[PDB]
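Enquirer: Encoded as structure tokens, here's the structure I'll be asking about.
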2 protein chains.
Amino acid sequence: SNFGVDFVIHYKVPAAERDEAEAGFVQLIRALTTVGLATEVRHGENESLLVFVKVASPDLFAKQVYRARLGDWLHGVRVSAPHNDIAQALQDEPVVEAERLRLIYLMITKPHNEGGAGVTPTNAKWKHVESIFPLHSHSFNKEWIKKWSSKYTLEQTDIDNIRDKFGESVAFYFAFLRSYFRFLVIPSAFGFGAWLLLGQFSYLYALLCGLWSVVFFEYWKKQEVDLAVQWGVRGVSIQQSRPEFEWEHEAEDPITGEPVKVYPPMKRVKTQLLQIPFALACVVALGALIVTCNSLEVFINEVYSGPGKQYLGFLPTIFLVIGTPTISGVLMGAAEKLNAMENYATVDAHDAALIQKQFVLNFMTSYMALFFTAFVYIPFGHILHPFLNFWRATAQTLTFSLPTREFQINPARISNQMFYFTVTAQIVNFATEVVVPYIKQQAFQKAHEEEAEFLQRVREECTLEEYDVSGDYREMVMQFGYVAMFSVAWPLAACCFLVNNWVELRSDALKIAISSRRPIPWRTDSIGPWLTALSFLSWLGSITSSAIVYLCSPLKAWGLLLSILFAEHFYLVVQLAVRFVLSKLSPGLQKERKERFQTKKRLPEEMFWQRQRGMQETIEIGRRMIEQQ
Amino acid sequence: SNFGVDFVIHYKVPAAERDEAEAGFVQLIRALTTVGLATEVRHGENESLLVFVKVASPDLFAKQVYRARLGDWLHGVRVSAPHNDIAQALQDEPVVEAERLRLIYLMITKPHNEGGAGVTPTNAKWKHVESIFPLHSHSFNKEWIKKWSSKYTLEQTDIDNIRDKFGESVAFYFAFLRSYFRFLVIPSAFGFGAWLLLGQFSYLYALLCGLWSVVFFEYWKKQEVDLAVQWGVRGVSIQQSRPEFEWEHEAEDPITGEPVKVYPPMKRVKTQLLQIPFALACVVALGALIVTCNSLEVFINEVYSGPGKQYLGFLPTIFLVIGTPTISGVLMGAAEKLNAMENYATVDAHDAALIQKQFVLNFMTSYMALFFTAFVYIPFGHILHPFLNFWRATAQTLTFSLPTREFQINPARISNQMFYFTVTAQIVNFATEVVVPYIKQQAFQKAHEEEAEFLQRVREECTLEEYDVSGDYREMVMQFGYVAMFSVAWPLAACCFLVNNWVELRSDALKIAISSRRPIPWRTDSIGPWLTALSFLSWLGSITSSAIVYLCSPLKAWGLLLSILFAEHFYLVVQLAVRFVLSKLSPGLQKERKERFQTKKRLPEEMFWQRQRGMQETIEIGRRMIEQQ
Ligand SMILES: [Ca+2]
Ligand SMILES: [Ca+2]
Ligand SMILES: [Ca+2]
Ligand SMILES: [Ca+2]
């Protein structure tokens, strides 16, 4: 059990600049004391100095919590008006752990004018402060793992508990994974049905796959809106600006009427418009390598008859493994250099821009081999003839002293590639994610009274790295892209993916439990830029499915064009119909509208009109007029 | 000048059922007296009985106006909170004429439980009440016409005055017409440039026309939102239900917490799903006639050599004129019968459904001849061979006693048709709209003291019909469809349209001034279903332009398919970019958010933490720890 410790600061001290390190330590202690948090100090690993900080006075902390809740309600991020006095607001809803931890973290690091102290390491006057991290709970982790590992389905209460404990981002990711796993069932069902009844490359399968993709996307959007409203986060616009921000001037904010720094959006749009040449450059760089190694593989495997073919067959795999990391790193460095000068105000926008910049690289790294195999190899077996000859010539130049074989296309290559990507890639990915990092950490670790165990545990936790949710989102997005794009060439893929997803729904949890330290609980409204990635992947799959089903079934061009047209237009019509049907039917919006309603409700001219100046006289004159007529 | 009269009721009395008519008259007088409005009675045309009604007590009317304003603010249709007491709300903003007239009309006709009396003629117990209409003002009409006829451009003040006087629907229509006229300038500019420099059937012209169409649509949507917020109408949801409504049960409204009748939306969607067979049936019915008369015209004009060709050349025009009205009437009756059982709650939804049902008929009536000429005649001159032979055979059967000529396609047919539709159709439409109805009314008209002139004027106004804004909207939509669809075949069209639009911007006003009586001032939020019509017309034109430019320039199919693909994808990309750019940049939303913001703001555990219980001691022990290290 934790010893009442709220936050821990590492504060590594190098051997050199000892006076500067001591000055930083005393300044940090002074700042934390003047903020109003109780602090201690203990030993580090070998040169650091671990310190523990916690809240001292519960009453002032409760007052600050109430003020933060009032501000959040005032800014419009929640729909429940708090009580006027602090007598039941903290009793009707207890202060959850995540909210208290987030408030403490915001107190620790913020500008001195409004917050407590700018203890952020990126200030350039606060160095040697390596990281600030909270502490894990062993009993809760064990109970959560045991409960989750022995249940066939997960109700909303588990996701609510995850939101209460670990914040909103992890809960959103787990809810998205649960929804994806639940919606992946129908894919598997009718894919297995088609594989049993029909054959390979079926048009109906592609059409129904597009329909399922659009239906799932719309339903997930609606459920995401509902969940965002339920948890009381909406447009979380209120975040503080990044320290590295450049502004031309300061004006008056039209909403709050406060002086804020203003940067025109036209300059930002003009800077953003330059992304296209970067995309083209990375596209060319990745293609010129992937195609080359793939062609080398086709040469080595297909057209060759010399001994020792098995030994030489591993050349392109190690070539890719050695080569693609450095190209990816150079391109990522260029993308970071580009994004640094974009002048993004909020940190979340900066992270979204970085994710969008990386997405193209991950997309091609995942799909270029399949695209080359399915669009260049199977339909046209003669376009690759000179490239092969090229390689053959080099073989002669390599030999300096060779038999060959007539080239014939093998239709089973795509099935083997899809089977590999569906089974072996998933198995290797799970092994790398779970087993090896724990073994590495344990091997690295192997090589006062009543508190030595706690100190050892906190040191071990400080040794570990920080957990990130971007990787899991990227993996799930790539899996969905595979399903939406290339499932028409091997219908049994989805079923296998389903099984993997189930294991992931627990495996990722284990990754949080033991192999990483608890992240800082942040608040987010949506999953982020992944919605656009999902939409683009679905749209591109809607075309690629029909292109593959026509080009891999003398291949008239007009037939392929007509198939692409029909598939795309059917996808658009289905999307419109699904959107209309869903819009015709959300408790969250109704609740917000009702709350707003309740809040609002809580607060010849004169003589003409004199002739018949009565009731009986008018009726009498009307009767006389009727009788005269 | 009006004699203080607010509203006029006709109350025609037939010769038969005199006792029933008298009973209705006395009941109506009693109801209007018990509501609280001063009423008179005068002579009619020959058997009717005109009555005048006005508000009696200004104080109670002002109180009702304030209550209505408070209710409107409470329901969320306006963003300005009224004053607590009636001392400056009626002084800061004077009660406009349109609002007072609308409130009086709502008082006159409404259910007796909440309103004054159900004087609506569609109640089946209130007959012989032909119509309730307000009175025009001659001085204001003359001044408005004189001011508008002598200004090159119109500022927002004129539209604001129109909104103040004639309500919101007419003001919205005039604002839309002004925006369309202003945005039609660039069309004319580069169309004239292309006609001077390039030749006919240019691809760049079609691409830029699509770009202009999407840009104009997005800008109009933004301006419409801004104008709707400015005038204090938003989601005008608050309208009373139609008397002819069928409900399964009554439940609690989630918003206002009041008992309202509930009809499930799934049944309505299922009923709406049957529209497709009706559309197909009307499509076939219109095509089977238009194609037949067009083919007869081609026979008579092209392949014939007998005398008296000019006399026989007018056969298909009179054939269309005689034939299409009855088909249109039958189809409209069927559509009305279908829409009556749709069970639409609000009257505006019913009108929108009727407009959407009619739109297909007007669309094909306008565009079928051009489609047949541009897609069947010019590219393939041999598909029409047997149809011609068919007609020729009948000629023999007609002769019962003939020379012919070899059939050759004339490329100038499309230019002549477009020139006709651009010049002669507009001239004839303007003449029919303006000149003939006034002459007909004057010819029909030709064949107590100090008030005879007013009685004659009111009788003449009662003679006229009711003004409707649907026709002008339909005409403008069809004009925009022509511009977006078939301008690539004759670039000089847009310029001519521009001139016509200018005249219309005054001509329609004249139509309101003299040829029609003032409509009941209603409130609307948007133009209605015309947004979907504009979007569909633009999307279809984006394809039709490229199809025409490729098929009318040995016509390989793959080239046409590729052209269609490229044009549609370019249109989609341009639409996405324009939407993003516009969203990156609206004062109305900012004002509403600021108003909402202001409204919201108006309201080993114990001993571990004891070892260093201070500030100086912590620093001293930290220094000792550092020294020991
Ligand atoms: Ca995995
Ligand atoms: Ca994962
Ligand atoms: Ca006209
Ligand atoms: Ca008009």
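By convention in this document, the chains of the structure tokens carry letters A, B, ... by their order, each chain's residues are numbered from 1, and ligands are numbered from 1 in the order they are shown.
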Please give the complete set of residues from region 125-248 of chain B that DSSP, run on the backbone, assigns to alpha helix (DSSP H), formatted as a CSV table (one decimal) with N, CA, C and O atoms, in the first residue's frame.

Expert:
chain,number,residue,atom,x,y,z
B,138,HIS,N,-50.2,52.0,-49.8
B,138,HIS,CA,-49.8,52.5,-51.1
B,138,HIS,C,-48.5,53.4,-51.0
B,138,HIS,O,-47.7,53.3,-51.9
B,139,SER,N,-48.5,54.2,-50.0
B,139,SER,CA,-47.3,55.1,-49.9
B,139,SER,C,-46.0,54.4,-49.7
B,139,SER,O,-45.0,54.7,-50.4
B,140,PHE,N,-46.0,53.4,-48.8
B,140,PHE,CA,-44.8,52.6,-48.6
B,140,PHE,C,-44.4,51.8,-49.9
B,140,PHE,O,-43.2,51.8,-50.2
B,141,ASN,N,-45.4,51.3,-50.6
B,141,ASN,CA,-45.1,50.5,-51.8
B,141,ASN,C,-44.5,51.5,-52.9
B,141,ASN,O,-43.5,51.1,-53.5
B,142,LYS,N,-45.1,52.6,-53.0
B,142,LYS,CA,-44.6,53.6,-54.0
B,142,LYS,C,-43.1,54.0,-53.7
B,142,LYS,O,-42.3,54.1,-54.6
B,143,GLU,N,-42.9,54.4,-52.4
B,143,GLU,CA,-41.6,54.8,-52.0
B,143,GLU,C,-40.6,53.7,-52.2
B,143,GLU,O,-39.4,53.9,-52.7
B,144,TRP,N,-40.9,52.5,-51.8
B,144,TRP,CA,-40.0,51.3,-52.0
B,144,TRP,C,-39.7,51.1,-53.4
B,144,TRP,O,-38.5,50.9,-53.8
B,145,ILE,N,-40.7,51.1,-54.3
B,145,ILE,CA,-40.4,50.9,-55.7
B,145,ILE,C,-39.5,52.0,-56.3
B,145,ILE,O,-38.6,51.7,-57.0
B,146,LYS,N,-39.8,53.2,-56.0
B,146,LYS,CA,-39.0,54.3,-56.5
B,146,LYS,C,-37.6,54.3,-56.0
B,146,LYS,O,-36.7,54.5,-56.8
B,147,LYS,N,-37.4,53.9,-54.7
B,147,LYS,CA,-36.0,53.8,-54.2
B,147,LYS,C,-35.3,52.7,-54.8
B,147,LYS,O,-34.1,52.8,-55.1
B,148,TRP,N,-35.9,51.5,-55.0
B,148,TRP,CA,-35.2,50.3,-55.5
B,148,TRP,C,-35.0,50.4,-57.0
B,148,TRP,O,-34.0,49.9,-57.5
B,156,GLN,N,-27.5,46.3,-47.0
B,156,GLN,CA,-28.3,45.4,-46.0
B,156,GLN,C,-29.5,46.2,-45.4
B,156,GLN,O,-30.4,45.5,-44.9
B,157,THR,N,-29.5,47.5,-45.4
B,157,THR,CA,-30.6,48.2,-44.8
B,157,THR,C,-31.9,48.0,-45.6
B,157,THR,O,-33.0,47.9,-44.9
B,158,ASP,N,-31.9,47.9,-46.9
B,158,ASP,CA,-33.1,47.6,-47.6
B,158,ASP,C,-33.7,46.2,-47.3
B,158,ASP,O,-34.9,46.1,-47.1
B,159,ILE,N,-32.8,45.2,-47.2
B,159,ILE,CA,-33.2,43.9,-46.8
B,159,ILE,C,-33.8,43.9,-45.3
B,159,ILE,O,-34.7,43.2,-45.0
B,160,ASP,N,-33.2,44.7,-44.5
B,160,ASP,CA,-33.7,44.9,-43.1
B,160,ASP,C,-35.0,45.5,-43.1
B,160,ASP,O,-35.9,45.1,-42.3
B,161,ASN,N,-35.3,46.5,-43.9
B,161,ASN,CA,-36.6,47.1,-44.0
B,161,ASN,C,-37.6,46.1,-44.5
B,161,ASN,O,-38.8,46.1,-44.1
B,162,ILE,N,-37.2,45.3,-45.5
B,162,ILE,CA,-38.1,44.3,-46.0
B,162,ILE,C,-38.5,43.3,-45.0
B,162,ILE,O,-39.6,42.9,-44.8
B,163,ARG,N,-37.5,42.9,-44.2
B,163,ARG,CA,-37.7,42.0,-43.0
B,163,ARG,C,-38.7,42.6,-42.0
B,163,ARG,O,-39.6,42.0,-41.5
B,164,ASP,N,-38.5,43.9,-41.7
B,164,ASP,CA,-39.3,44.6,-40.8
B,164,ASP,C,-40.8,44.7,-41.2
B,164,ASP,O,-41.7,44.5,-40.4
B,165,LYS,N,-41.0,44.9,-42.5
B,165,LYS,CA,-42.3,45.1,-43.0
B,165,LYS,C,-43.0,43.8,-43.4
B,165,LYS,O,-44.1,43.5,-42.8
B,166,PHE,N,-42.5,43.0,-44.3
B,166,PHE,CA,-43.2,41.9,-44.9
B,166,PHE,C,-42.8,40.5,-44.3
B,166,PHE,O,-43.3,39.5,-44.8
B,168,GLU,N,-40.2,37.5,-42.5
B,168,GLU,CA,-38.9,36.9,-42.7
B,168,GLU,C,-38.7,36.1,-44.0
B,168,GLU,O,-37.6,36.0,-44.5
B,169,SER,N,-39.8,35.4,-44.5
B,169,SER,CA,-39.6,34.6,-45.6
B,169,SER,C,-39.3,35.4,-46.9
B,169,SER,O,-38.4,35.1,-47.7
B,170,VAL,N,-40.0,36.5,-47.1
B,170,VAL,CA,-39.8,37.4,-48.2
B,170,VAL,C,-38.4,38.0,-48.1
B,170,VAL,O,-37.7,38.1,-49.1
B,171,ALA,N,-38.0,38.4,-46.9
B,171,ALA,CA,-36.6,39.0,-46.7
B,171,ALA,C,-35.6,37.9,-47.1
B,171,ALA,O,-34.5,38.2,-47.7
B,172,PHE,N,-35.8,36.7,-46.6
B,172,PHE,CA,-34.8,35.6,-46.9
B,172,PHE,C,-34.7,35.4,-48.4
B,172,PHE,O,-33.6,35.2,-49.0
B,173,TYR,N,-35.9,35.4,-49.1
B,173,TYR,CA,-35.8,35.2,-50.6
B,173,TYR,C,-35.1,36.3,-51.3
B,173,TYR,O,-34.3,36.1,-52.2
B,174,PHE,N,-35.3,37.6,-50.8
B,174,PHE,CA,-34.7,38.7,-51.5
B,174,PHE,C,-33.2,38.7,-51.2
B,174,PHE,O,-32.4,39.0,-52.1
B,175,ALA,N,-32.8,38.3,-50.0
B,175,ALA,CA,-31.4,38.2,-49.7
B,175,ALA,C,-30.7,37.1,-50.5
B,175,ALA,O,-29.6,37.3,-51.0
B,176,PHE,N,-31.4,36.0,-50.7
B,176,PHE,CA,-30.8,34.9,-51.5
B,176,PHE,C,-30.7,35.4,-53.0
B,176,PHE,O,-29.7,35.1,-53.6
B,177,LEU,N,-31.7,36.1,-53.5
B,177,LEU,CA,-31.6,36.6,-54.8
B,177,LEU,C,-30.5,37.6,-55.0
B,177,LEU,O,-29.7,37.6,-56.0
B,178,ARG,N,-30.3,38.5,-54.0
B,178,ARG,CA,-29.2,39.4,-54.1
B,178,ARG,C,-27.8,38.7,-54.0
B,178,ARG,O,-26.9,39.1,-54.8
B,179,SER,N,-27.7,37.7,-53.2
B,179,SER,CA,-26.4,37.0,-53.1
B,179,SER,C,-26.1,36.3,-54.4
B,179,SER,O,-25.0,36.2,-54.9
B,180,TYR,N,-27.2,35.6,-55.0
B,180,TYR,CA,-27.0,35.0,-56.3
B,180,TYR,C,-26.6,35.9,-57.4
B,180,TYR,O,-25.7,35.6,-58.2
B,181,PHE,N,-27.3,37.1,-57.4
B,181,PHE,CA,-26.9,38.1,-58.5
B,181,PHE,C,-25.5,38.6,-58.3
B,181,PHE,O,-24.8,38.7,-59.3
B,182,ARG,N,-25.1,38.8,-57.0
B,182,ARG,CA,-23.7,39.3,-56.8
B,182,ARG,C,-22.7,38.2,-57.2
B,182,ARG,O,-21.6,38.5,-57.7
B,183,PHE,N,-23.0,36.9,-56.9
B,183,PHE,CA,-22.0,35.9,-57.2
B,183,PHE,C,-22.0,35.4,-58.6
B,183,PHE,O,-21.1,34.7,-59.1
B,185,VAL,N,-21.5,37.2,-61.1
B,185,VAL,CA,-20.7,38.1,-61.9
B,185,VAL,C,-19.5,37.4,-62.5
B,185,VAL,O,-19.2,37.5,-63.7
B,186,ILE,N,-18.7,36.6,-61.6
B,186,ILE,CA,-17.5,35.9,-62.1
B,186,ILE,C,-17.8,34.9,-63.2
B,186,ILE,O,-17.1,34.9,-64.2
B,187,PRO,N,-18.9,34.1,-63.0
B,187,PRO,CA,-19.4,33.3,-64.2
B,187,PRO,C,-19.3,34.0,-65.5
B,187,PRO,O,-18.7,33.6,-66.5
B,188,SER,N,-20.0,35.2,-65.5
B,188,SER,CA,-20.1,35.9,-66.8
B,188,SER,C,-18.7,36.4,-67.2
B,188,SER,O,-18.4,36.3,-68.4
B,189,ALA,N,-17.9,36.9,-66.3
B,189,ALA,CA,-16.6,37.4,-66.6
B,189,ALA,C,-15.8,36.3,-67.3
B,189,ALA,O,-15.4,36.5,-68.5
B,190,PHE,N,-15.5,35.2,-66.7
B,190,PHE,CA,-14.6,34.3,-67.3
B,190,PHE,C,-15.3,33.5,-68.4
B,190,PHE,O,-14.6,32.9,-69.3
B,191,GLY,N,-16.6,33.4,-68.4
B,191,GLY,CA,-17.3,32.8,-69.6
B,191,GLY,C,-17.1,33.6,-70.8
B,191,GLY,O,-16.8,33.1,-71.9
B,192,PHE,N,-17.3,34.9,-70.7
B,192,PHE,CA,-17.0,35.8,-71.8
B,192,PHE,C,-15.5,35.8,-72.2
B,192,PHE,O,-15.2,35.8,-73.4
B,193,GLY,N,-14.6,35.7,-71.3
B,193,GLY,CA,-13.2,35.6,-71.6
B,193,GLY,C,-12.9,34.3,-72.4
B,193,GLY,O,-12.2,34.3,-73.4
B,194,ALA,N,-13.5,33.2,-71.9
B,194,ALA,CA,-13.3,31.9,-72.7
B,194,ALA,C,-13.9,31.9,-74.0
B,194,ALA,O,-13.3,31.4,-75.0
B,195,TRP,N,-15.1,32.5,-74.2
B,195,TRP,CA,-15.7,32.6,-75.5
B,195,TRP,C,-14.9,33.5,-76.4
B,195,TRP,O,-14.8,33.2,-77.6
B,196,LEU,N,-14.3,34.5,-75.9
B,196,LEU,CA,-13.4,35.4,-76.8
B,196,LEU,C,-12.1,34.7,-77.1
B,196,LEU,O,-11.7,34.8,-78.3
B,197,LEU,N,-11.5,34.0,-76.2
B,197,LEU,CA,-10.2,33.4,-76.4
B,197,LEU,C,-10.2,32.0,-76.9
B,197,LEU,O,-9.8,31.7,-78.0
B,203,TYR,N,-12.6,22.2,-71.3
B,203,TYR,CA,-12.6,21.5,-70.0
B,203,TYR,C,-12.3,22.4,-68.9
B,203,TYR,O,-13.0,22.3,-67.8
B,204,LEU,N,-11.4,23.4,-69.0
B,204,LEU,CA,-11.1,24.3,-68.0
B,204,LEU,C,-12.4,25.1,-67.5
B,204,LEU,O,-12.6,25.4,-66.3
B,205,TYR,N,-13.2,25.5,-68.5
B,205,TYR,CA,-14.5,26.2,-68.1
B,205,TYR,C,-15.3,25.3,-67.2
B,205,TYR,O,-15.9,25.8,-66.3
B,206,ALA,N,-15.5,24.0,-67.5
B,206,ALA,CA,-16.3,23.1,-66.7
B,206,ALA,C,-15.7,23.0,-65.3
B,206,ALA,O,-16.4,23.0,-64.3
B,207,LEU,N,-14.4,22.8,-65.2
B,207,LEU,CA,-13.7,22.7,-63.9
B,207,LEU,C,-13.9,24.0,-63.1
B,207,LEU,O,-14.3,23.9,-61.9
B,208,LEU,N,-13.7,25.1,-63.7
B,208,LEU,CA,-13.9,26.4,-62.9
B,208,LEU,C,-15.4,26.6,-62.6
B,208,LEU,O,-15.7,27.2,-61.6
B,209,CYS,N,-16.3,26.2,-63.4
B,209,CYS,CA,-17.7,26.3,-63.1
B,209,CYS,C,-18.1,25.5,-61.9
B,209,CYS,O,-18.8,25.9,-61.0
B,210,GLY,N,-17.6,24.3,-61.8
B,210,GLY,CA,-17.8,23.5,-60.6
B,210,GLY,C,-17.2,24.1,-59.4
B,210,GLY,O,-17.8,24.1,-58.3
B,211,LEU,N,-16.0,24.7,-59.5
B,211,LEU,CA,-15.4,25.3,-58.4
B,211,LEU,C,-16.2,26.5,-57.9
B,211,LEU,O,-16.4,26.7,-56.7
B,212,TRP,N,-16.7,27.3,-58.9
B,212,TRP,CA,-17.5,28.5,-58.5
B,212,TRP,C,-18.8,28.0,-57.9
B,212,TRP,O,-19.3,28.6,-56.9
B,213,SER,N,-19.4,26.9,-58.4
B,213,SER,CA,-20.7,26.5,-57.8
B,213,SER,C,-20.5,26.0,-56.3
B,213,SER,O,-21.3,26.4,-55.5
B,214,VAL,N,-19.5,25.3,-56.0
B,214,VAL,CA,-19.3,24.8,-54.7
B,214,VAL,C,-18.9,26.0,-53.8
B,214,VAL,O,-19.4,26.1,-52.6
B,215,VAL,N,-18.1,26.9,-54.2
B,215,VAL,CA,-17.7,28.1,-53.4
B,215,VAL,C,-19.0,28.9,-53.1
B,215,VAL,O,-19.2,29.3,-51.9
B,216,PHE,N,-19.8,29.2,-54.1
B,216,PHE,CA,-21.0,29.9,-53.9
B,216,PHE,C,-21.9,29.2,-52.9
B,216,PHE,O,-22.5,29.9,-52.0
B,217,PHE,N,-22.1,27.9,-53.0
B,217,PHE,CA,-23.0,27.2,-52.1
B,217,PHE,C,-22.5,27.3,-50.7
B,217,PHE,O,-23.3,27.6,-49.7
B,218,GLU,N,-21.2,27.1,-50.4
B,218,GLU,CA,-20.6,27.2,-49.1
B,218,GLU,C,-20.8,28.6,-48.5
B,218,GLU,O,-21.2,28.8,-47.3
B,219,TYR,N,-20.5,29.6,-49.3
B,219,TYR,CA,-20.6,31.0,-48.8
B,219,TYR,C,-22.0,31.4,-48.5
B,219,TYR,O,-22.3,32.1,-47.5
B,220,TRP,N,-23.0,30.9,-49.3
B,220,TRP,CA,-24.4,31.2,-49.1
B,220,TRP,C,-24.8,30.5,-47.8
B,220,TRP,O,-25.6,31.0,-47.0
B,221,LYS,N,-24.4,29.3,-47.5
B,221,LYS,CA,-24.7,28.6,-46.3
B,221,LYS,C,-24.2,29.4,-45.1
B,221,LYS,O,-24.9,29.6,-44.1
B,222,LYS,N,-22.9,29.9,-45.1
B,222,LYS,CA,-22.4,30.6,-44.0
B,222,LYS,C,-23.2,31.9,-43.8
B,222,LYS,O,-23.5,32.3,-42.7
B,223,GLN,N,-23.5,32.6,-44.9
B,223,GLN,CA,-24.2,33.9,-44.8
B,223,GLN,C,-25.6,33.7,-44.3
B,223,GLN,O,-26.2,34.5,-43.6
B,224,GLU,N,-26.3,32.5,-44.7
B,224,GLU,CA,-27.6,32.2,-44.2
B,224,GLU,C,-27.6,32.0,-42.7
B,224,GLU,O,-28.5,32.4,-42.0
B,225,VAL,N,-26.6,31.3,-42.2
B,225,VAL,CA,-26.5,31.1,-40.7
B,225,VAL,C,-26.3,32.4,-40.0
B,225,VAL,O,-26.9,32.7,-39.0
B,226,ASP,N,-25.4,33.3,-40.6
B,226,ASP,CA,-25.2,34.6,-40.0
B,226,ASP,C,-26.5,35.4,-39.9
B,226,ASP,O,-26.8,36.0,-38.9
B,227,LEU,N,-27.2,35.5,-41.1
B,227,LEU,CA,-28.5,36.2,-41.1
B,227,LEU,C,-29.5,35.6,-40.2
B,227,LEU,O,-30.2,36.4,-39.5
B,228,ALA,N,-29.6,34.3,-40.1
B,228,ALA,CA,-30.6,33.7,-39.2
B,228,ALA,C,-30.3,34.1,-37.7
B,228,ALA,O,-31.2,34.4,-37.0
B,229,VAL,N,-29.0,34.1,-37.4
B,229,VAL,CA,-28.7,34.5,-36.0
B,229,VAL,C,-28.9,35.9,-35.8
B,229,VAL,O,-29.4,36.3,-34.7
B,230,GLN,N,-28.7,36.8,-36.8
B,230,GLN,CA,-28.8,38.2,-36.6
B,230,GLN,C,-30.3,38.6,-36.4
B,230,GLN,O,-30.6,39.4,-35.5

Enquirer: Find the residues near residue 530 (chain B): any atom within 10 Å, counting only C-alpha atoms, skip ones fewer than 2 places away on the same chain, and give them as a PyMOL selection string.

Expert: chain B and resi 352+355-356+359+470+473-474+477+526-528+532-536

Enquirer: As an MDAnalysis selection string, please: every protein or nucleic acid residue near ligand 1 (cut-off 12 Å, counting only C-alpha atoms and all ligand atoms).

Expert: chainID A and resid 422:435 471:476 478:479 497:511

Enquirer: Which chain B residues are at most 6 Å from chain A (counting only C-alpha atoms), as a CSV table (one decimal) with C-alpha atoms, in the first residue's frame?

Expert:
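What ended up in iface.csv:
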chain,number,residue,atom,x,y,z
B,3,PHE,CA,-58.2,53.5,-41.4
B,255,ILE,CA,-37.2,19.1,-23.1
B,558,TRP,CA,-12.5,4.3,-71.4
B,594,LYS,CA,-20.9,35.4,-25.6
B,605,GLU,CA,2.7,5.4,7.7

Enquirer: For each of B:110, B:569, B:127, B:67, take the minimum atom-to-atom distance to residue 24 (chain B), counting only C-alpha atoms, then give the residue where this is smallest.

Expert: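 Looking only at the distances to residue 24 (chain B), the closest residue turns out to be B:127.
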
Enquirer: To one decimal place, how far is CA of residue 324 (chain B) from CA of residue 371 (chain B) in Å?

Expert: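 One can read the CA of residue 324 (chain B) to CA of residue 371 (chain B) distance as 17.6 Å.
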
Enquirer: When you look at region 547-549 of chain B with a cut-off of 12 Å (counting only C-alpha atoms), what residues show up, excluding the ones that are within fewer than 3 positions of it in the same chain? I need them as a ChimeraX atom specification.

Expert: /B:199-207,370-379,414,485-490,540-544,552-553,555,557,559-568
